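Protein chains in written order, with the UniProt record's numbering: chain X, 68 to 119; chain F, 2 to 58; chain G, 43 to 115; chain P, 16 to 204; chain Z, 2 to 68; chain B, 5 to 68; chain H, 2 to 144; chain W, 1 to 146; chain R, 1 to 145. All residues carry an ideal CB built from backbone N, CA and C; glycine is no exception.
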Amino acid sequence: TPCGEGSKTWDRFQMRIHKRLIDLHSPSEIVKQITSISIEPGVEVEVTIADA
Amino acid sequence: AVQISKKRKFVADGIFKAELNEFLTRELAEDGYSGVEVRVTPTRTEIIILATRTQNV
Amino acid sequence: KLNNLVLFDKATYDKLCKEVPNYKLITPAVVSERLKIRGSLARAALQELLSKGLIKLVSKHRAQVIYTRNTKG
Amino acid sequence: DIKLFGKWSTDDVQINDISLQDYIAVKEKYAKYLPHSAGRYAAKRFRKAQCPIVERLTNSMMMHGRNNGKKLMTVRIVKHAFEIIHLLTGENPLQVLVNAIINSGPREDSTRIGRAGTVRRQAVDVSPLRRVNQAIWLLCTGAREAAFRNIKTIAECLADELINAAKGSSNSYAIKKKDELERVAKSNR
Amino acid sequence: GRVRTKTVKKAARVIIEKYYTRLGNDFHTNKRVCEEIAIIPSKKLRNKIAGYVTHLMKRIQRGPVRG
Amino acid sequence: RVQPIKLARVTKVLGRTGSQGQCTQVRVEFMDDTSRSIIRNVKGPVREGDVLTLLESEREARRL
Amino acid sequence: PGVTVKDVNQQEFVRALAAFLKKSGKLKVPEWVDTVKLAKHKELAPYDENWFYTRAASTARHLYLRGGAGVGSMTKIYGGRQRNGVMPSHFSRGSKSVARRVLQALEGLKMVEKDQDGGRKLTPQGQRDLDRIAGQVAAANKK
Amino acid sequence: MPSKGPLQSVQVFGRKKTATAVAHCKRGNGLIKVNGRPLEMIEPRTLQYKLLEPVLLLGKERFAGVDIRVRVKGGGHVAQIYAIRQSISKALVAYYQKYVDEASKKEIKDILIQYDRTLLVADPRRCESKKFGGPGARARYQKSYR
Amino acid sequence: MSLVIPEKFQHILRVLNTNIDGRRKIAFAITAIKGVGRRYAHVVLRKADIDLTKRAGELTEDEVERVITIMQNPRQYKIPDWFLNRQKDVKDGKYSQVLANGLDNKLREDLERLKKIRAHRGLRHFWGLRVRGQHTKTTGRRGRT
RNA sequence: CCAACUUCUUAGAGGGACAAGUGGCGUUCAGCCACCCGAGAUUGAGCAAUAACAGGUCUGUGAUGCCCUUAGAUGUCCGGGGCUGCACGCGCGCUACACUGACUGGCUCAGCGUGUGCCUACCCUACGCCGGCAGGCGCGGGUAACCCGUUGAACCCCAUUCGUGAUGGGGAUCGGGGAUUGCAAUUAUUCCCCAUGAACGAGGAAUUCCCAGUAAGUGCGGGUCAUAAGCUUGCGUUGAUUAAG
Ligand SMILES: [Mg+2]
Ligand SMILES: [Mg+2]
Numbered sequence: 068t069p070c071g072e073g074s075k076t077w078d079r080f081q082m083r084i085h086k087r088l089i090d091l092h093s094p095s096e097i098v099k100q101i102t103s104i105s106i107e108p109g110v111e112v113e114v115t116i117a118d119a
Numbered sequence: 002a003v004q005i006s007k008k009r010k011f012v013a014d015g016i017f018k019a020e021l022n023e024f025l026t027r028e029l030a031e032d033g034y035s036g037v038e039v040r041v042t043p044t045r046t047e048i049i050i051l052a053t054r055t056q057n058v
Numbered sequence: 043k044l045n046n047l048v049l050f051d052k053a054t055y056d057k058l059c060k061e062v063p064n065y066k067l068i069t070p071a072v073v074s075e076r077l078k079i080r081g082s083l084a085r086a087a088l089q090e091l092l093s094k095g096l097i098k099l100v101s102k103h104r105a106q107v108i109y110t111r112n113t114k115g
Numbered sequence: 016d017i018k019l020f021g022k023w024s025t026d027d028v029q030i031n032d033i034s035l036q037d038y039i040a041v042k043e044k045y046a047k048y049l050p051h052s053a054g055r056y057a058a059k060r061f062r063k064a065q066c067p068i069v070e071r072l073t074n075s076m077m078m079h080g081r082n083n084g085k086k087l088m089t090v091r092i093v094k095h096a097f098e099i100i101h102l103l104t105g106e107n108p109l110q111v112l113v114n115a116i117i118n119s120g121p122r123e124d125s126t127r128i129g130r131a132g133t134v135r136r137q138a139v140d141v142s143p144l145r146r147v148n149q150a151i152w153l154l155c156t157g158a159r160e161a162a163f164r165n166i167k168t169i170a171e172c173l174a175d176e177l178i179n180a181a182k183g184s185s186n187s188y189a190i191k192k193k194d195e196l197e198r199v200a201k202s203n204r
Numbered sequence: 002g003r004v005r006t007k008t009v010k011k012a013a014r015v016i017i018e019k020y021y022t023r024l025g026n027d028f029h030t031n032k033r034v035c036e037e038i039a040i041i042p043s044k045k046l047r048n049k050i051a052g053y054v055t056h057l058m059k060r061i062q063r064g065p066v067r068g
Numbered sequence: 005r006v007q008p009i010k011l012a013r014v015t016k017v018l019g020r021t022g023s024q025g026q027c028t029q030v031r032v033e034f035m036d037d038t039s040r041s042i043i044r045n046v047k048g049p050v051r052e053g054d055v056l057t058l059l060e061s062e063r064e065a066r067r068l
Numbered sequence: 002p003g004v005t006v007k008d009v010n011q012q013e014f015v016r017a018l019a020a021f022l023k024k025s026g027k028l029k030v031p032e033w034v035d036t037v038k039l040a041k042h043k044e045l046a047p048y049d050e051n052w053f054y055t056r057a058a059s060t061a062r063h064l065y066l067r068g069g070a071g072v073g074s075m076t077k078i079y080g081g082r083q084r085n086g087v088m089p090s091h092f093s094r095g096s097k098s099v100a101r102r103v104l105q106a107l108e109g110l111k112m113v114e115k116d117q118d119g120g121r122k123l124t125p126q127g128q129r130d131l132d133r134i135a136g137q138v139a140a141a142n143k144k
Numbered sequence: 001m002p003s004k005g006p007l008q009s010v011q012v013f014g015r016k017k018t019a020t021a022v023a024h025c026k027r028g029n030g031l032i033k034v035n036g037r038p039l040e041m042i043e044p045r046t047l048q049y050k051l052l053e054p055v056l057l058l059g060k061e062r063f064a065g066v067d068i069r070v071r072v073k074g075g076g077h078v079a080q081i082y083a084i085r086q087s088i089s090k091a092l093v094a095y096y097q098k099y100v101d102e103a104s105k106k107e108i109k110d111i112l113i114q115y116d117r118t119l120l121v122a123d124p125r126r127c128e129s130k131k132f133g134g135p136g137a138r139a140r141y142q143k144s145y146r
Numbered sequence: 001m002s003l004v005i006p007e008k009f010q011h012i013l014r015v016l017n018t019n020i021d022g023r024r025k026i027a028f029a030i031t032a033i034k035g036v037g038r039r040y041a042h043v044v045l046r047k048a049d050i051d052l053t054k055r056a057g058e059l060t061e062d063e064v065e066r067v068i069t070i071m072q073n074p075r076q077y078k079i080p081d082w083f084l085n086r087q088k089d090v091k092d093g094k095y096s097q098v099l100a101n102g103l104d105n106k107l108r109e110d111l112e113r114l115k116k117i118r119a120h121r122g123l124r125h126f127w128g129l130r131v132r133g134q135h136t137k138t139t140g141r142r143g144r145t
């Protein structure tokens, strides 16, 4: 409630993010053709380092 | 700076989407704004308006 | 009715080892109201009648110590 | 064959009074080793009848908050008090409890909402589950107000009261209070 | 508390009236039929239609109901 | 007054009464003949086929 | 036959080893051992007189179950229920510098040794002699 | 030593409310335990006849060809002993569904079902969460009027 | 081994001013000495190297006099400094474990010293009010009319 | 590759129960009553109509109409006081009032989840070493299924001490000392110690909440947070009497 008056309500905004995982052994110039292949706003993919 | 945790990545870009929504609603009120969609690239990033009158925007 | 005489007189101890091994419900909360002893010697006197071999252990429990009379069969 | 607490087979207990046969449940199909069963007894009714009375009586013993979830301390009280019964009599202790169900269950009790004969007006009879439901409860409350400001242990006081109720000589509380309800129901029978 | 709603009883009359000969008195048979023949969104109202279908597979196999 | 207090088996459950559902209505049989019956009212859950006990046999029928 | 600590009553294994370290007097007893109150969540002095030995047994017995437990891992296992009276109760830590003395008491007794990370494990000299008295206490049950 | 008849062994669990507990019941000779220690040396010990209970009414010598060991994860002092009970209830059942005929599975399941339909069937009921206005899963805070 | 009783038994004792009852054990009988509590008692009986088990009516004046002596002043007999009552007392600076009526000497002495220099807490003892930062709108009612 | 595999962990799709089967009912209508198979034969909450209240909030809001106030300012910074003051009453809520208890020492099993910042600088903590406790220093890990952490929670259980005593039950009140927080603890922030030991002996007329993992005893975790939970909101453990009207 934007005020303090009511009858004691409590809403539960819950946000649930999922995650998956994939290994590679590959050289990392063609890591660039892993990235730029979907525009896709609904993904958050991350690039792990290729120093090994 | 150095990078930050994953649960605050997701409210960072959440609060990024909420703010330019509020600004462009005040900015493009008289042009039929109707929301924005974001695209994140690790390059020149990419946003669109959904304007009714593409003239005045 | 209170502070009823830890460390027995001689008038009760000669009554205790007369027939307290004889009857069967030998329990610290019974010998401390049927006699006039206030207990925690109820626990003390009961242990040494087990030490002599007048009575037998059943429970070995922390909140309820149970004994019985000698087998007269 | 079942050795209730490792001992005292359920073969000798003869359920004798015919009003209370199929509601007391120490029977051969429904005898357990020790009274601690995963219940599921009040989803639908009338499966709390064939439940063995040893289960019902140990559940109805912990009452008042500090003894409310404590089940493996309220069952050793039943484990000790059955053993002290064997000291006083030398009987299969299940048989002397079910006589305490027999001799402490009431028959007559009064019901009316408004104006009063005593508080209620009309005395009615009892179905042969409710007088058993009040039998296991009258043994617990009769044992409980004789162990509160008393040096006496509740395992003795349980074992004292029910076999004194099993004979029935107006000494235990489940006889002197049960006959009060029956007599005042005769005051408006 | 069982009684099936009208949109079950309305959609399971046009199944039995139009596809009577492809059906019969087994539940698991009829569950695959409506799986294939009518666009059902979820499983929970799917087989609840098929419950009334077999209930009327044992009904109009005997009598002339509004069929 | 001096009567043997008698066990009794029921016919059908005839519904609740007593202005709160706290009485049932059982109409027992008196264990000897199957024609001797009286309509009664007990409290407690029934389970048709039970045997209840009657303190005395001649009290009242529930009809006003 | 082959007897470990695990197949043995570990309640009275504590008495089996509290009798052990008391008689084999190499252990290091501190001077303040009677003005302790033992891990502030309880409010009386310890009733046993040689409590430091029976605390030294269990910190050997808990160490045989799980390895590598440091000082803070061993404080929070001896913690209990702190009744703050009118306020509701809580769980709370033990005392480090009585857990630190007792683990330094086995240090000179040569049952325990430091680790690659922080924390302490018991050396196999420590596992060969408590299981022997575990064998001694197991045969004491049958006799 | 993987030489003579290895791994003739089913692994069967038992759950109650968090406590999952799994018996890796091999082929051997009369060995049941939980985390290395034997059955009679367990934490409750007042329930010492309802965690070795199925070996009582079904048998020791009938069921002494096995080397059951159980690891335990989850639950509480009443949960975990029903969990290892349910572990050694239906493991030797499932040892008998595969490495012998169902003549013995029918021999022991018919005992295990007629007595406590809950030795080997899972417990359905669970935690059933709090609500947003009261102290418990059903109750509410105390209402005042004046 | 105490099975009946010995010939002598201090029926009620008499220690300094508070007569401890003769039929409790020592660590719970000397708690009535206002300055020897229940927790301070067990350190006294264990630094005296007496035995803790016996009741009050079965210690003779040889053993009691060693119990009385070290609880009369615990400082010089290896009892640590942050265990006492009047730690860093504000008239001496020393560590002074008072036991008897002297505990009631120094208790009011705090109140009159604060009342003399007119501090806030000296006023709250002087007034019929609480002291240690407690609210008094709806608690502390039966201490007043 | 100097081993495979998915029961237990994580999910992902899909399968699973529909009142289907058998009987008694009723207009052999909708359906109800138990039984058999089955994990389960009512899992629990979210959203929630039309039409409205002169319900509350202008002190969340540069949502806001009008009025008022506008530099001797209702703007706004700065220090102190009050928001906490007590003959009294009222409402939530903790501890209790013991012996089914309380001590002391052992034995012991979990789930839910939070954690280092563009501003704002200051987090979770392992370990090591100094302290009888609160604590202090150095060394590390963790932007996290990667570290705290198999979260050794409490209740419990067994082992001893105490015995119906306003007692070792209760710990209010209250004295002195010790540390941590911070710009500041005084009107006591909090934490720890020793000492002090009040009512309170199951509760008047009246009244709340709830019926299956439910009431309840029992702890932990978020949120407010520099210090901060008797509050709230989630979690798991223990676990019921009574009801199907
Ligand atoms: Mg009492
Ligand atoms: Mg506003």
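Closer than 8 Å at the C-beta level to chain X, one finds these residues of the stretch 119–136 of chain W: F132 and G133.
Against chain G, a Cβ distance below 7 Å from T168(P) picks out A71 and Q106. Less than 7 Å divides the Cβ of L52(R) from the Cβ of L45(R).
If the five residues before and after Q126(H) are omitted, its C-beta is found closer than 8 Å to the C-beta atoms of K111 and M112, all from its own chain and listed in chain order. Taking a C-beta distance under 7 Å as the contact criterion, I178(P) and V93(P) do not qualify as a contact pair. Not one heavy atom of ligand 1 is found less than 6 Å from the C-beta of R81(P). At a cut-off of 7 Å between beta carbons, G48(B) contacts chain P.
With 6 Å as the limit, the residues whose C-beta approaches any heavy atom of ligand 1 more closely are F163(P), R164(P) and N165(P), in sequence along the chain. Residue burial is scored here from C-beta neighbours: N74(P) has at least 16 other C-beta atoms within 10 angstroms and is therefore classed as buried. One thing to note: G25(B) has its Cβ no nearer than 7 Å to the Cβ of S142(P).
With a cut-off of 8 Å on Cβ pairs, the stretch 115–131 of chain H is not in contact with the stretch 40–49 of chain W, counting fewer than three such pairs. DSSP places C172(P) in the uninterrupted alpha helix (DSSP H) bounded by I169 to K182. Taking CB atoms only, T36(H) has a neighbour in chain R less than 7 Å away.
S74(G) reaches chain P at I166, counting residues in chain order whose Cβ is nearer than 7 Å. For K7(Z), the secondary structure class from DSSP, reduced to helix, strand or coil, is helix. Taking a Cβ-Cβ threshold of 7 Å, none of the residues of chain X is close to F17(F); the smallest such distance is about 12 Å.
Nearest CB-CB separation between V48(G) and chain R: below the 7 Å threshold.
Annotation note: the stretch 45–106 of chain R contains the following uninterrupted alpha helix (DSSP H) runs of length 4 or greater, listed N- to C-terminal: 61–72. A residue is called buried once 16 or more other Cβ atoms fall within 10 Å of its Cβ, and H51(P) is buried on that count. Annotation: the continuous beta strand (DSSP E) that includes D140(P) extends over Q137 to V141. The stretch 108–117 of chain X makes no contact with the stretch 21–33 of chain F: fewer than 3 CB pairs, one atom from each, lie closer than 8 Å. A64(W) carries a coil assignment under DSSP once its states are collapsed to helix, strand and coil. Taking the C-beta atoms as reference points, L144(P) is found nearer than 7 Å to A64(P).
In the DSSP assignment, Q128(H) falls within the unbroken alpha helix (DSSP H) covering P125 to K143. Proximity of the stretch 89–104 of chain P to the stretch 55–68 of chain G meets the contact definition, three or more beta-carbon pairs being nearer than 8 Å.
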